[PDB]
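Two forms of the same protein chain are encoded below as structure tokens; each is given separately, as structure 1 and structure 2.
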Structure 1
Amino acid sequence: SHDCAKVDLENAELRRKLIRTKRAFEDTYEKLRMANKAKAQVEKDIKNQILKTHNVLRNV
């Protein structure tokens, strides 16, 4: 047997905590995905810049 009121209260509290943690994880995961995307773009543009400079130094 259990405490019926106690397991109802714990059910509700767990659902609340789970939703809050889900929202926190979804927000953090989206921030990290956007960060990874931005970093990937940066690395592509950096590659192009390195290529421009090595072309310049080569033509010298």
Structure 2
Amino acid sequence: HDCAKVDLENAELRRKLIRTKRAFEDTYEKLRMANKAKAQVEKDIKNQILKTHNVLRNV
């Protein structure tokens, strides 16, 4: 048994295990931001139609 190496390996595994989770969280939020972005798009076009309609109402 290598007491120095096993403590070092556990520190390496724990450190990297944390690196892995935070990478996913970033991705999760990134996907979360992307989906909400395309959600807005459907409403933006609907909004644009209303404006254009209101513009042509003024006649």
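Only residues modelled in both forms are compared. Each form is matched to the other, and the largest set of C-alpha atoms that superpose within 1.5 Å is called the rigid core. Reference numbering: structure 1, starting with residue 1.
My question is whether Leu9 is one of the residues whose C-alpha shifts by 2 Å or more between structure 1 and structure 2, given a fit on the rigid core.
Passes the 2 Å threshold, so yes.
On a rigid core superposition, would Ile46 pass a 2 Å threshold for CA movement between structure 1 and structure 2?
Yes, shifts by 2 Å or more.
Shift in Å of the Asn55 Cα between structure 1 and structure 2 [rigid core superposition]:
The shift comes out to 11.7 Å.
With the rigid core superposed, where do three or more consecutive residues all shift their C-alphas by 2 angstroms or more between structure 1 and structure 2?
Runs with every C-alpha shifted by at least 2 Å: 2-10, 43-60.
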